[PDB]
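Peer 1: this one's structure only:
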Ligand SMILES: CCCCCCCCCCCC
Ligand SMILES: CCCCCCCCCCCC
Ligand SMILES: CCCCCCCCCCCC
Ligand SMILES: CCCCCCCCCCCC
Ligand SMILES: CCCCCCCCCCCC
Ligand SMILES: CCCCCCCCCCCC
Ligand SMILES: CCCCCCCCCCCC
């Protein structure tokens, strides 16, 4: 524990200065480099000692310990580098470019979504890869609840120039289905279709505003046919939707078997 | 609530200045950094207090609250930074580059689509990933209505150099189908085909301007054949299209079974 | 309507100047910022009033209204910004770079396709994702007619360094097919094949210039075999092509069943 | 026709100068901007008149018309801009960068393929997405003939650092096949395999230079086995290849059924 | 061993200086280039000798050997280059850009995840490609335990602007299933469904807070139907979840077979 | 032939100077532009005449013709441009950047593969998309022979930082297989497995150095089981490998049927 | 051989200087360009002669020949260019950028993996596309042994910021399986499951530290059910793992058939 934590940086530092001595045999900056190497080996030893004593205390007010010794590790590394500067290289523009891009892109999208609102709290959305309910609109991250009701954490910058499908602002819904038929004489196929269309227009909870309900014949085969049925239902909840799907399917099968035509197999 | 909101930034700030005191033991900028740290801890405390009192009022004129305390959070952060400047780093060119790209790319595409019009209001389009009716042509976003009649919100810059299929400007439509046959003697296969082609040319609602209707034999098997049938119908609505598909399929099956040939199974 | 359109920017502007007053407590540019904020709130109010009165007139010479109030919205925003300049940020190089790229890339490809012609009007082409007839070669966009006879609008810059298959310049066509066989004694398999090859060489509408017609045995199984048949037909229209495919398939099946060999099932 | 072509740019130009008059109420460059707007409206009117009179003549020496009025459109736009300069923005470096990249990349690859020759005229190649015979090696574009004998037009820069499979320089070919077996007693499986290998070595048109012919047992099942057979044939034409495949398959099936073992089904 | 290690760089160096002598026949920098070539051949010989004597000792305190002779190889290369400088090219900005990007991006994301916590130790997360339990939150790398309980090592910069699904913060779970039915008379289909919904509401361990339990008819066929059943269960462990899934499925099948309806086959 | 080759550039040039005359009505550089236009029309005429007389000679020492008139076309274009310079735009840095990248990247990788050798002549390699034997290691391109024995031409820069699987340096091979079983009483399943493992250890040509041979039960079903069998064979040729696979499979089936257990079907 | 090697560059050079003579008719740099062209034609002739005499000696101490005439080719090209300089263009920064990126990225990752060790010699790892045992950790390349025991050669820079799954540091393993059931009365389904869970807890070689063993019902069908069984086994070798999988599966099937329930078919 303490043995190797003092052993390995010390032997590494004496190996380094023994290399630097013969490097000075053949850049005459000897004393500042050995002072920097001494303090940097000291800070490497202190870092190893610190992670050893924090894993000693974790073998016996929990998250505070982790954030504390993490910021203490980065601060001890910083004070080691500012002790090496006593006796920047150009990374600063790169890391402020990256941090400015990430943080300010997130807050910029978080405000542009606040002006030109693409959704509200409770809406079910789909934005590219993510999909679910909106449970928390935050400053840098939105929180969704996906199809398995797990909380997803989406950064705002993923809503910047993407398409957003808003499933909770629809005013009518489109439903469709296919019904296979075991019918040998297709001369009854028009009438049935017309009957099914009448069933879809005398029915409430359907929306005849834009598209008429359809029921047509999509493919044929030996002792086989297939009807494609579809309509627009009015705006309704997710339980009435399922009940209306089942009710429409059952009424269509009642009409089909009323004409003495059994169902087919796929 | 108020306890931790005053507790955590204060203990963090005294931890920070206690670190800075021993940082001054080994950059002699002490008093401005402690004044900036004091005001920044004050603004962190005020931010935590503000989100606590807005979630206190939300536990008892709704969207205005959310946009108000969001712009108040970003303004309180701004006034904290301009209090730190009293006692920019280069992010400004990056964020104006990003915002200029997003906003002006959207308005540029929104005008170039206004000059050289690729669609109009009500047209059914497909542009890459999106597809549906055009219900609102806006300044920065177009609004579509997809196949399930959900409102999609597309930014204009996604129409810049993409292919746009406009399904509402077609002047004729191409339909096709396959019919399986249970036929053992294929010597009747030409005549049937010719008959079906005659059915597709004496029929109205077909368009003989460019391509002749076809009905050929695509594959063969034991007690099995397959006809590929196709034609161009004239410009018509979406109900006449389905009825003409069903009518053409039924007439083709009438012709096939007229020659004493039953349908096959796949 | 008029209530909120005057209400929300006015209350937002007095909130902003009330923030700026305490911002001046702790940048001494007070009067120009309040004059700019006043005129920008005025232009936000005028924008909201203008969209309200255009949606008032749309609730009672249609496309002209939309292009007119769109260019009026962008011109009112421009005159608001040039009133703020009375009392550019660097976006101009970015937007002229983007617009120059889009517009001049389209016109550059539209001329390079005019010199070194890869297709003409009426040709059926395939260029990556798009495929169909060429119905309009324009200055910035080509117009195609796809397989469902919908007009596709392709920008010219998508033909810059892509492969272009030109299906209307072919001088011969390659056809092929597979025929399954229910044959138990394969000693008749060579002769049949030779017979089929003779059928493909005494036939007109085939092209013996480059490749001889082939008919070989690709796979075998219990009571099963498979022949792969293929040839090159001469340059012909799309109806003669289908009729020649059907004729070749029927002649091959006549030859196969002439040797007392029935077809197989897959 | 002439009505709207004079009507819309004139009303647009008087709308523009009426906007500019109140723009001069609150940049004192009035007379040059109104002179530029006048000439640019004049050139927009002339462009609309020119496309109207060319579509009038096309409603009554064809390709020359299209290239002529296209270069006349771009020259009329150029002379309009050089009339606006009488009373560049930086696009020139961008468009010469793009044109230099495209044109000189094509001619550079067209010469590097001429020095270090990866194929010749008539060779069947495959280079990434494209595949077929080489019918025309040009200065900027190669021309291939694909598997359906359509002429493909490939730019030379697509052969720059890609892998090129040259199917016409092979000196031997590798063939392989699988034969299913309905065999219950697998003790005859070695001998058969050895027999098949002898069939593949006493046969001419095979190449025993590098790899010995193989025939091994790849998988087993109830009343089922599978032999994998393979060899290298000598360099030959595409008809001898198919005949040798069929001959080898028939000889292998003769050997298998000689041992009183029938074929299996998959 | 020693033979070739002295042989090949020596013959290469005399080949090089013999080339340089005739290079000086037709840049008059002879003596520094031959001194640099001499020392660089010497360092190539020493590198080959060193890897030979370390692979000699590895053919007879293990990881220390590997890190030691690796840093000795790179230090011997460094001292060879600093001997060539006695008698930088611009790579330094590139490698500090790359190293600054990698290291500081990892530590930046490692701190931003420490402030705005997306998960804690023990949580099951999914972040793009990776998924599993969180067993070690480190300074530069997080450690997960995937579905096969292998330790995955993820760099922190992969959590920067990605969506993070946190499966351990869910407060209710959504379960669903499909049940096929062999039913010929569908008039019993509503009642059964209602019964199943009652079973899902009188049951404990379900969560009726947001969505009602559903059981509807999704598709129909000959002697076939399909019920889609679903509900929200309360927050529970991974064993109670499986037992509740099995219990709900068994109760649904008891209700279905109670009405004299057998199950169907797919 | 000669008619249009003199006709079209002459009429184009008089159209151009007639445009330039009215361009001089409203840049006073008249005489140099008309002299450049005259010589450039002359060089366009000479280019058309040259391709006509080379396609005249190709309608009657073949590859030399093509490389000769290609370099003559590019040299005639060069001498036309250097005649226009008598009475560079910045493309040179771009094309030398591109050519330097391509050529020197290929030669750089061709030397780095020569130092740190990843394969030799005759080795079977797989490097990303390419796979086959190495038949020619060149200066700028490697040549492989793929699985169908076609020569592939790979540029060296595709081996720069990719993974290279070298199938010809393996010292042992791993083989595995699955055997389905029709067994109803699984109490014989251990013994059989142990027997099969003994068969794989008393066998020569297997390698017991690292992994023991395994034979375990992977899945079960009605009248069905599945054994997964695997071992490491010693280094051997590609014929002994196939014979050892067949021999091991036959011995395993002998052991399985020795216990009175038949094979199963999938 | 020698004929064309002297013939083609000489005729090319006299063609070039004959072009340059008429180029001097209309840049007065004649004598240096003809001297450079003379020496460059001489070096092209010497290159062709050298590859001819090395392919002459290869038609009669092998790898040394190839590396020798390759470095001799590049040195002869270098001495030709330095003879042209007697009577750089800017490629040097590009090629040192590329070489510095490749070489120093590999050595940088090779040291960062040596400090913060993600695996050791002998560990089975998976890092993106590659997977296998670690047989050689080198300075610039790691060597793996994949699933077919082929040596893979991975550059170190592919381990820089990727996820590394280390399959040899696991302390317990997760196993799971599915068992289909032919059961008509599901009232025995709980008890069986409980029995199976007891079998998985009284068993040694399982790890009850974190997750309890589970056995639940995942899906149901006519005369069909499916159990999902799973547990965590303790750390063990790859043979004990397979034997424990088989043993657990056999014990589960013994428990299932003990209750008078046969297995089902999928
Ligand atoms: C102070 C912490 C915020 C910085 C985080 C930004 C992350 C940037 C690095 C990721 C890409 C290089
Ligand atoms: C004032 C709000 C508009 C700015 C939005 C632009 C978003 C830019 C960031 C996204 C990419 C970095
Ligand atoms: C005047 C309109 C033309 C400009 C359109 C160019 C679009 C550029 C923006 C798209 C990408 C940022
Ligand atoms: C003179 C015509 C040649 C120029 C064509 C180059 C096309 C460049 C634009 C495409 C990408 C922006
Ligand atoms: C002298 C010929 C060599 C140059 C070839 C380089 C090709 C560069 C162009 C491809 C990409 C733009
Ligand atoms: C001295 C050899 C080392 C250089 C190799 C680097 C390869 C760089 C070229 C690849 C990409 C352009
Ligand atoms: C001192 C070691 C740290 C440097 C590692 C950084 C790796 C950079 C190279 C990878 C991409 C070029």
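Peer 2: Cool, got the structure. Numbering: from 1, shown residues only, chains lettered A, B, ... in the order given. Ligands and ions are numbered 1, 2, ... in the order given.

Peer 1: what's the longest helix in chain A?
Peer 2: Using DSSP state H, we find that the single longest helix of chain A is helix A:30-57.

Peer 1: pull the distance from that one to the chain's centre.
Peer 2: Once both centres are worked out by CA atoms, centre = their mean, to the nearest Å, helix A:30-57 turns out to sit 41 Å from its chain's centre.

Peer 1: and if you look at stretch A:145-157?
Peer 2: With CA atoms, centre = their mean as the basis, stretch A:145-157 stands 6 Å off its chain's centre.

Peer 1: returning to what we had before: anything in the longest helix of chain A near chain G?
Peer 2: No. Legend: contact between helix A:30-57 and chain G by CB under 8 Å from any CB of the partner chain is lacking; minimum distance shown is 10.8 Å. Heads up, the C-betas are built off the backbone N, CA and C, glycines and all.

Peer 1: can you list the buried residues in that helix?
Peer 2: For helix A:30-57, a neighbour-count test (16 or more other CB atoms under 10 Å in any protein chain shown) marks A:33-34, A:36-41, A:43-48, A:54 as buried.

Peer 1: and the residue nearest the centre of chain A, how far from ligand 6?
Peer 2: By CA atoms, centre = their mean, the mean C-alpha position of chain A lies nearest to residue A:130, the distance being 4.8 Å. According to CB to the nearest ligand atom, to the nearest Å, residue A:130 and ligand 6 sit 37 Å apart.

Peer 1: go on, residue A:145?
Peer 2: According to CB to the nearest ligand atom, residue A:145 stands 47 Å off from ligand 6.

Peer 1: same question for residue A:66.
Peer 2: Distance from residue A:66 to ligand 6, by CB to the nearest ligand atom: 43 Å.

Peer 1: cool, and residue A:137?
Peer 2: Remark: distance between residue A:137 and ligand 6 (CB to the nearest ligand atom) = 46 Å.

Peer 1: so what's the closest residue in space to residue A:125 that isn't next to it in sequence up against?
Peer 2: Using CB to CB, 6 or more residues apart in numbering or on different chains and skipping the chain neighbours, the partner closest in space to residue A:125 is residue A:119 (5.0 Å). Neighbour list for residue A:119: A:125, A:134, A:164, A:166, A:168 [criterion: CB atoms under 8 Å, 6 or more residues apart in numbering or on different chains].

Peer 1: what does the stretch 51-200 of chain A put close to ligand 1?
Peer 2: A:98, A:99, A:102 (CB under 6 Å from any ligand atom).

Peer 1: now residue A:73: which helix or strand?
Peer 2: helix A:63-84 (DSSP states H and E).

Peer 1: what angle do that helix and helix A:30-57 make?
Peer 2: Using axes from the mean of the first three to the mean of the last three CA atoms, to 10 degrees, the inter-axis angle of helix A:63-84 relative to helix A:30-57 is 170 degrees.

Peer 1: number of nearby residues for residue A:214?
Peer 2: 20 (other CB atoms under 10 Å in any protein chain shown).

Peer 1: hang on, it packs against residue B:239?
Peer 2: Yes. Between residue A:214 and residue B:239 there is a contact at 6.8 Å, judged by CB atoms under 8 Å.

Peer 1: so what sits against both of these two?
Peer 2: By CB under 8 Å, 6+ apart, no residue touches both residue A:214 and residue B:239.

Peer 1: follow-up on the earlier one: beta partners of the residue nearest to the centre of chain A?
Peer 2: Legend: beta-bridge partners of residue A:130 under DSSP bridges are residue A:127.

Peer 1: how close does the one residue in the stretch 101-250 of chain A that gets nearest to ligand 7 get to residue B:89?
Peer 2: Using CB to the nearest ligand atom, residue A:101 is the residue of the stretch 101-250 of chain A that sits closest to ligand 7, at 19.6 Å. Counting by CB to CB, to the nearest Å, the gap from residue A:101 to residue B:89 is 13 Å.

Peer 1: try residue A:108
Peer 2: Counting by CB to CB - residue A:108 and residue B:89 are separated by 16 Å.

Peer 1: which of these two has more residues huddled nearby?
Peer 2: Using other CB under 10 Å as the criterion, residue A:108 and residue B:89 rank with residue A:108 on top: 17 against 10.

Peer 1: the more buried one and residue A:99, how far apart?
Peer 2: Distance, residue A:108 to residue A:99, using CB to CB: 14 Å.

Peer 1: before we move on, back to that, once you drop chain neighbours, what's closest to the residue of the stretch 101-250 of chain A closest to ligand 7?
Peer 2: Spatial nearest neighbour of residue A:101, excluding adjacent residues (CB to CB, 6+ apart): residue B:94 at 6.2 Å.

Peer 1: looks like that neighbour contacts residue A:97 (just checking).
Peer 2: Yes. Contact status for residue B:94 versus residue A:97: in contact at 6.4 Å, counting by CB under 8 Å.

Peer 1: returning to what we had before: among the contacts of residue A:119, which pair sits farthest apart?
Peer 2: Farthest pair in the contacts of residue A:119 (CB to CB) is A:164 and A:168. Separation: 11.6 Å.

Peer 1: identify the contacts common to these two.
Peer 2: By CB under 8 Å, 6+ apart, the residues touching both residue A:164 and residue A:168 are A:119, A:125.

Peer 1: which single residue in the stretch 151-266 of chain A comes nearest to chain D?
Peer 2: As assessed by CB to the nearest CB, chain D sits closest to residue A:161 within the stretch 151-266 of chain A, at 22.8 Å.

Peer 1: you'd agree residue A:249 is in a strand?
Peer 2: No. According to DSSP: H, G, I helix; E, B strand; the rest coil, residue A:249 belongs to no strand; its state is helix.

Peer 1: over to the residue nearest to residue A:125. Which of the three states is it?
Peer 2: coil.

Peer 1: which other residues reach stretch A:254-266?
Peer 2: With contact meaning CB under 8 Å, 6+ apart, stretch A:254-266 is reached by A:179-183, A:188, A:191-192, A:195-196, A:199, A:223-227, A:253, E:186, E:220-224.

Peer 1: re the thing from before, anything in the longest helix of chain A sitting right up against chain B?
Peer 2: No. Under the criterion of CB under 8 Å from any CB, helix A:30-57 makes no contact with chain B; the nearest approach is 9.8 Å.

Peer 1: which other helices and strands does that helix contact?
Peer 2: Helix A:30-57 sits against helix A:2-23, helix A:63-84, with contacts defined as 3 or more CB pairs under 8 Å, 6 or more residues apart in numbering or on different chains; DSSP states H and E.

Peer 1: is the last one anywhere near chain B?
Peer 2: Yes. Counting by CB under 8 Å from any CB, contacts between helix A:63-84 and chain B involve A:75, A:79, A:82, A:83.

Peer 1: which other residues reach stretch A:60-68?
Peer 2: Under CB under 8 Å, 6+ apart, the answer for stretch A:60-68 is A:54, A:57, A:58, E:114, E:120, E:137.

Peer 1: change it to 10 Å
Peer 2: Residues from elsewhere that reach stretch A:60-68, judged by CB atoms under 10 Å, 6 or more residues apart in numbering or on different chains: A:54, A:57, A:58, B:8, B:15, E:111, E:114, E:115, E:117, E:120, E:121, E:137.

Peer 1: do stretch A:72-81 as well
Peer 2: Taking CB under 10 Å, 6+ apart as the rule, stretch A:72-81 contacts A:36, A:39-44, A:46-47, A:50-51, A:54, A:69, A:88, B:15-16, B:19, B:22-23, B:26, E:107, E:110-111, E:139.

Peer 1: who's in contact with residue A:169?
Peer 2: Residues in contact with residue A:169 (CB under 10 Å, 6+ apart) are A:118, A:119, A:120, A:123, A:124, A:125, A:235, B:150, B:151, B:153.

Peer 1: try 8 Å this time
Peer 2: So residue A:169 contacts A:123, B:150, B:151 (CB under 8 Å, 6+ apart).

Peer 1: what about the closest residue to ligand 3 within chain A, which SS state?
Peer 2: Using CB to the nearest ligand atom, residue A:161 is the residue of chain A that sits closest to ligand 3, at 9.5 Å. Using three-state DSSP, the structure places residue A:161 in coil.
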